[PDB]
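Down below is the structure, laid out as structure tokens.
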Amino acid sequence: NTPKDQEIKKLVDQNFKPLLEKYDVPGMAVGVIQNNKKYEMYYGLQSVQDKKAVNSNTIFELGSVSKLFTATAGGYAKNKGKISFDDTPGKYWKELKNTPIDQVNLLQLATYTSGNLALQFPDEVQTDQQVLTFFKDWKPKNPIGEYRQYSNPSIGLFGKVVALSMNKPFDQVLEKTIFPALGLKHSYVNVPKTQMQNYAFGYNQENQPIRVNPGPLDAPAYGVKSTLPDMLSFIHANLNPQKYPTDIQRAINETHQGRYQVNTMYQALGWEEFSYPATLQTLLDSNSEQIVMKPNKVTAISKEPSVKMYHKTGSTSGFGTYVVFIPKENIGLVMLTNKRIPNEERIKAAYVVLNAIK
Ligand SMILES: *[B@]([O])([C]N1[C]=C(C2=[C]C(C([N])=O)=[C][C]=[C]2)N=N1)OP([O])([O])=O
Numbered sequence: 001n002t003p004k005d006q007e008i009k010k011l012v013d014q015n016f017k018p019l020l021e022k023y024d025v026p027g028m029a030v031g032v033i034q035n036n037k038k039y040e041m042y043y044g045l046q047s048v049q050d051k052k053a054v055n056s057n058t059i060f061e062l063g064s065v066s067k068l069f070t071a072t073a074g075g076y077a078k079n080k081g082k083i084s085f086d087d088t089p090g091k092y093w094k095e096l097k098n099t100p101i102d103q104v105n106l107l108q109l110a111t112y113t114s115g116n117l118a119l120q121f122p123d124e125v126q127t128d129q130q131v132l133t134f135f136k137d138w139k140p141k142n143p144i145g146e147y148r149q150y151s152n153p154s155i156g157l158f159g160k161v162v163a164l165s166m167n168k169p170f171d172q173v174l175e176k177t178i179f180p181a182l183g184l185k186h187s188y189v190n191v192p193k194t195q196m197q198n199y200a201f202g203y204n205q206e207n208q209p210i211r212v213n214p215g216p217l218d219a220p221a222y223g224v225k226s227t228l229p230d231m232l233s234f235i236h237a238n239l240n241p242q243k244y245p246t247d248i249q250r251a252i253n254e255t256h257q258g259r260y261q262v263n264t265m266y267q268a269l270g271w272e273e274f275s276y277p278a279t280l281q282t283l284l285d286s287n288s289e290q291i292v293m294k295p296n297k298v299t300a301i302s303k304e305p306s307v308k309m310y311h312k313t314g315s316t317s318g319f320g321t322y323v324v325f326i327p328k329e330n331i332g333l334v335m336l337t338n339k340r341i342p343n344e345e346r347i348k349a350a351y352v353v354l355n356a357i358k
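Throughout the sequence shown, residue numbering follows the entry's author numbering, covering 1 to 358 in sequence.
And the structure:
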């Protein structure tokens, strides 16, 4: 009676479109993939001052969704035998050998359980020497492996170690190896001069234009930029790993493996994992201030569900991201905004749309 493309458009209009007015968001891209059919919805402006409309070429900052590519790079290196998750960083970054940080394994760095790493490096840490000094001077606090504290330095160090293991800088690992293996054409650590015209401005809480600041180990933690079509291709790879070459197939499957529990949230590699079907409140609880900002004692997985779903939020000063996929239903959703909106609104909108689709 109404074509599938129009039904998805109507659901996204009902649930995502009102957030633009509510939070004064200049631009938004919402993608759905179902049964290998991609649906792209674009709203508003990539640049207010240049009057440039959001389109399929628009490049957004992914923020912490960048961690999913770092995790994928880690999975790739492990399954090629370049690293083991039981290894310590000193094995690859020789200047960390026999330092206290060398008592933390790569899996613990990737999944934020060092027991003494905060969300950000200190502001003063900028250069490679300052990053090295920081990790050399690092001392434990909580028992290693027992406490989850969401941390850019933690997965940043994991990223740097993965890069050393593949004998390339981290930016080249993604741009030359991982992005091409996933078939991504417009995904960047460094947006080249020829694509700056497609790079959206972010907008802060006063709707002033801004972009991400350079930082220590930024690329592996929050430094990736992508388009809606690329992020839908990335969700396709996660929904259909069997259709990709062996190396990247095993990489993707590695990122789906739950490592521990924090109540109903299973920490996989980058991805957060949930028993499917999941309640809205289970997905909302995953990004509570308690889980995101504070240390939490982890428990061993005591119930492994047969059927799972996965999501990840991402924010920079000027951009919001949300990606979610459900293997059982062969469906996923990407939301990109050039203004931060509350995580709860991203998760709720996606939940209603993915549960409403026939
Ligand atoms: B990640 O996005 C955690 N997160 C937020 C940021 C960040 C970085 C900047 C910047 N200009 O460097 C500004 C604001 C925020 N880095 N890492 O995960 P979630 O939990 O979705 O915030």
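Here a beta-carbon is modelled for each residue, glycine too, at the ideal position from N, C-alpha and C.
>> Which of the three DSSP states is assigned to residue 29 in this structure?
In response: Numbered from 1 along the sequence shown, position 29 holds the residue referred to as residue 29. It is a strand residue.
> With respect to the alpha helix (DSSP H) encompassing residue 358, which residues constitute its N-terminal and C-terminal limits?
Replying inline: Residue mapping note: residue 358 aligns to position 358 of the sequence shown, counting from 1. Neither: residue 358 is in no alpha helix (DSSP H) and is coded neither H nor E.
> For the putative contact between residue 269 and residue 90, defined by C-beta atoms under 8 angstroms, what is the C-beta separation to the nearest angstrom?
Replying inline: As a first step, residue 269 is located in the sequence shown; it is residue number 269 there, counting from the start. As a first step, residue 90 is located in the sequence shown; it is residue number 90 there, counting from the start. At roughly 21 angstroms, the Cβ-Cβ gap does not stay under 8 angstroms, so residue 269 and residue 90 are not in contact.
>> Just to check my reading of the structure: residue 292 and residue 62 have Cβ atoms closer than 8 angstroms, yes? What is that Cβ distance to the nearest angstrom?
In response: Walking along the sequence shown from the start, residue 292 turns up at place 292. Walking along the sequence shown from the start, residue 62 turns up at place 62. Contact doesn't hold; Cβ gap of about 17 angstroms is too wide.
>> For ligand 1, is there any heavy atom lying closer than 8 angstroms to the beta carbon of residue 370?
In response: Nothing in the structure corresponds to residue 370, since the chain is present only between 1 and 358.
> Which residues in the same chain have their Cβ closer than 7 angstroms to the Cβ of residue 55, if we skip the five residues on either side of it in sequence?
Replying inline: One-based indexing of the sequence shown puts residue 55 at position 55. Result list for residue 55: 42, in chain order.
> Do the segment 249-268 and the segment 104-122 make contact, defined as three or more Cβ pairs closer than 8 angstroms?
Replying inline: yes
> When you compare only the Cα positions, how much space is there between residue 280 and residue 95?
Replying inline: Residue mapping note: residue 280 aligns to position 280 of the sequence shown, counting from 1. Residue mapping note: residue 95 aligns to position 95 of the sequence shown, counting from 1. Rounded to whole angstroms, residue 280 to residue 95 spans 46 angstroms at the Cα level.
> Where does the unbroken alpha helix (DSSP H) through residue 293 begin, and where does it stop?
Replying inline: Here residue 293 corresponds to residue number 293 of the sequence shown, with the count starting at 1. That run of the alpha helix (DSSP H) goes 289-293.
> Based on the DSSP output, what are the partners of residue 300 in its beta bridges?
Replying inline: Numbered from its first residue, the sequence shown carries residue 300 at position 300. Per DSSP, none; premise fails for residue 300.
> Do residue 82 and ligand 1 come close, with the Cβ less than 8 angstroms from some heavy atom?
Replying inline: For the purposes of this step, residue 82 is taken as the residue at position 82 of the sequence shown. No.
> Is the Cβ-Cβ distance between residue 311 and residue 286 less than 9 angstroms?
Replying inline: Along the sequence shown, read from residue 1 onward, the residue named residue 311 stands at position 311. Along the sequence shown, read from residue 1 onward, the residue named residue 286 stands at position 286. Against a cut-off of 9 angstroms, the Cβ pair of residue 286 and residue 311 comes out as a contact.
> With DSSP run on the structure shown, which of helix, strand or coil describes residue 150?
Replying inline: Position 150 of the sequence shown holds residue 150. The answer is coil: DSSP assigns residue 150 none of H, G, I, E or B.
> Can residue 200 be considered in contact with ligand 1, in the sense that its beta carbon sits closer than 8 angstroms to one or more heavy atoms?
Replying inline: The sequence position of residue 200 within the sequence shown is 200, counting from 1. Because no heavy atom of ligand 1 lies under 8 angstroms away, the Cβ of residue 200 does not count as near it: no.
> Within 8 angstroms: the Cβ of residue 316 and any heavy atom of ligand 1?
Replying inline: Position 316 of the sequence shown, counted from the start, is the residue given in the question as residue 316. Checking every heavy atom of ligand 1 against the Cβ of residue 316, one is found closer than 8 angstroms.
> For residue 282, which residues of its own chain have a beta-carbon under 7 angstroms away from its beta-carbon, when the five flanking residues on both sides are left out?
Replying inline: Mapped onto the sequence shown, residue 282 falls at position 282. Within the same chain, residue 282 has close Cβ partners 264 and 274.
>> Please tell me whether, using a cut-off of 8 angstroms, the distance from the CB of residue 221 to the nearest non-hydrogen atom of ligand 1 is below it.
In response: Along the sequence shown, read from residue 1 onward, the residue named residue 221 stands at position 221. Yes, Cβ of residue 221 sits closer than 8 angstroms to a heavy atom of ligand 1.
>> Does the distance between the C-beta of residue 23 and the nearest non-hydrogen atom of ligand 1 fall short of 8 angstroms?
In response: For this step, residue 23 is matched to residue 23 along the sequence shown. Residue 23 Cβ: outside cutoff for every heavy atom of ligand 1.
> Taking the alpha carbon of residue 77 as the point to measure from, which residue in 260, 307 and 252 has its own alpha carbon closest?
Replying inline: As a first step, residue 77 must be located in the sequence shown, where it is residue number 77. Taking only the C-alpha atoms, the option nearest residue 77 is 252.
>> Relative to the C-alpha of residue 306, which candidate in 169, 330 and 277 has its C-alpha closest?
In response: The residue you call residue 306 lines up with position 306 of the sequence shown. Ranking 169, 330 and 277 by Cα distance to residue 306 puts 277 first.
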